[PDB]
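Data first, discussion second: the structure below is written as structure tokens.
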Amino acid sequence: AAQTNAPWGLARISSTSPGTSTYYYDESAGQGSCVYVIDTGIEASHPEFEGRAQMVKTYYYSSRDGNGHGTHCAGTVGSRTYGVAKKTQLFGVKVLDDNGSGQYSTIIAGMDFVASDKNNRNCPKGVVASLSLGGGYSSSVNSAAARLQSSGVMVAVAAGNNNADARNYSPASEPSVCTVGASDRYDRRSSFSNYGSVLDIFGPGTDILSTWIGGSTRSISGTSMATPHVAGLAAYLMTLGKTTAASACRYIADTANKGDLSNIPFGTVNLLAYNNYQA
Ligand SMILES: [Ca+2]
Ligand SMILES: [Ca+2]
């Protein structure tokens, strides 16, 4: 399949080179996979989700995404137009309030929730969790992300937007999950992207067009935007049977575009998520 005039990030993950416009992807499109978007919620009624999104848990008064961030991330995972895995099932877990903030205890509870809830869902091709959030280092947050990964979920987490070593941020610093840095359309590390040895992979994160609340769309930037590219890619690859939740991060790193990025500090991987699609 080929989506013409795709958002640059989708084109980028299906190209060895920057600057293309078509997103090439296998038509399976993550069908049969599930991605939990642990964030401010998902506006599941957005037409771009095609009924494939649903809220499954909120830690606030409403399950509504009153912010947009979660909806945006979910759209990069799996919306029709803006998504990597256009046929995946999206499950929203609202751990962040409508200002985009959440207490670590709530974020931890949301991860534990996904680890259990997935056992109630039909996800024959596997389960991914996309965590476009983070704060300062917390062993308990890291442990929750590790538990979620151990439970059989492909956990992708944002490296953070501090232009600093992700070692000091969580869940970015949890080694066992897939810690995602951000790149821009010119294959530069995004100016805000964290870096460091704990990063596993980069994905498109600067000027990412996706869904927004109110049935809208907008372009925003962050490692929060790169993370769902990787989560979606994992779902897509898991549906193709190329990898499993436990190995998807390594598989994505092994199959990434290598050395394409600039402004990567020594000791940080120079790996950009790539679907290796061949028509
Ligand atoms: Ca290249
Ligand atoms: Ca890792």
Side-chain angles (χ1 to χ4, degrees), residues 8-24 38 111 115 126-134 137-139 141-160 164-190 193-205 223-224 226-231 233-235 237-238 243-265 267-278:
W8 79 262
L10 301 190
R12 189 72 196 77
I13 68 150
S14 65
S15 191
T16 58
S17 47
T20 64
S21 43
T22 299
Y23 174 35
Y24 301 97
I38 302 173
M111 295 186 237
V127 180
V128 181
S130 190
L131 288 65
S132 293
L133 50 72
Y137 177 87
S138 167
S139 68
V141 171
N142 282 6
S143 184
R147 282 196 303 278
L148 181 55
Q149 177 72 48
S150 169
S151 78
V153 175
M154 195 279 186
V155 179
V157 310
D165 198 312
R167 70 175 138 201
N168 288 331
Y169 298 93
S170 282
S173 52
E174 169 48 37
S176 71
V177 303
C178 206
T179 299
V180 182
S183 61
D184 77 17
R185 72 175 66 237
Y186 297 107
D187 283 357
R188 305 183 283 231
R189 174 170 67 83
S190 301
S193 178
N194 282 350
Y195 53 76
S197 50
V198 67
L199 267 70
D200 297 280
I201 192 58
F202 282 81
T223 54
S224 285
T227 302
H229 279 92
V230 169
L233 179 59
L237 293 167
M238 284 157 71
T243 194
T244 68
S247 63
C249 189
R250 186 185 254 180
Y251 180 88
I252 288 163
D254 290 345
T255 61
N257 284 310
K258 316 198 172 33
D260 276 352
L261 299 175
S262 76
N263 200 21
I264 300 287
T268 301
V269 294
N270 190 327
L271 295 166
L272 182 63
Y274 176 44
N275 73 357
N276 295 259
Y277 185 64
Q278 321 282 333

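Only this structure's heavy atoms are used, side chains among them; waters, hydrogens and symmetry mates stay out. Atoms within a ligand are numbered from 1 in the order they appear, just like the ligands themselves. Position 1 is the first residue of the sequence; numbering continues from there.
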Flag, side chain of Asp184 to backbone of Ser190, donor-acceptor distance under 3.5 Å
no
If I take the Ca ion (ligand 1) as the centre, what angle separates the OD1 atom of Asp260 from the O atom of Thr16? Nearest 10 degrees is fine.
130°
Any donor-acceptor pair under 3.5 Å linking the side-chain atoms of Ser151 with those of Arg147?
no
I'd like to know: is the Ca ion (ligand 1) within the 3.0 Å range of an N/O/S atom from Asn257, strictly under that distance?
no
Please state whether the separation between the Ca ion (ligand 2) and some N/O/S atom of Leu199 is under 3.0 Å?
no
Flag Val177 as yes if one of its N/O/S atoms falls below 3.0 Å of the Ca ion (ligand 2), otherwise no.
yes
Is the Ca ion (ligand 1) less than 3.0 Å from an N/O/S atom of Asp187, whether that atom is in the backbone or a side chain?
no
Heavy-atom closest contact (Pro228 atom, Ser132 atom, distance):
CD-OG, 3.5 Å
Is it the case that more than 12 heavy atoms not belonging to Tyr24 sit under 6.0 Å from its OH atom?
no
Got a sec: is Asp200 within less than 3.0 Å of the Ca ion (ligand 2) via an N/O/S atom?
yes
Modelled atom types, side-chain donor and acceptor of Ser14 and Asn275, under 3.5 Å:
no
